[PDB]
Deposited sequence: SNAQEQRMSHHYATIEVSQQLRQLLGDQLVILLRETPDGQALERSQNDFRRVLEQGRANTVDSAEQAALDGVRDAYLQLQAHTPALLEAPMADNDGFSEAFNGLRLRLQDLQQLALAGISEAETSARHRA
């Protein structure tokens, strides 16, 4: 499980990274590209559940194909998702902490 949560969180973060970029006034195409590469990078890696990761790849391929204050919204979204992400990782730590404690 613990492997499948890490690779899951990475992809979700990289997806969020890409939304932050898309939600900006002037989308940094190079960055988006770099981020799209990291995603398929981290994914392909994890791809070696194997169906769900295959399903992710299939779904990512489709997002890619459809990919096109406004900068204020982008930054607030980024702010919010990092905190939610960190909230989960905090709680998740408190558990691996507990598992060990036993």
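The deposited chain is incompletely modelled, with C-alpha atoms absent over 1-10, 59-64, 85-92, 127-130.
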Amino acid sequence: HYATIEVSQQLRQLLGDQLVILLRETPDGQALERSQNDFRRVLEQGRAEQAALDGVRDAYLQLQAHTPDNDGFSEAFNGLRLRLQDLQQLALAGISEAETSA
From here on, numbers count along this sequence of modelled residues.
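90-98 and 75-83 differ in mean CA B-factor, and the higher of the two is recorded for 90-98. Higher mean CA temperature factor, per the PDB entry, when comparing 37-45 with 55-63: 37-45.
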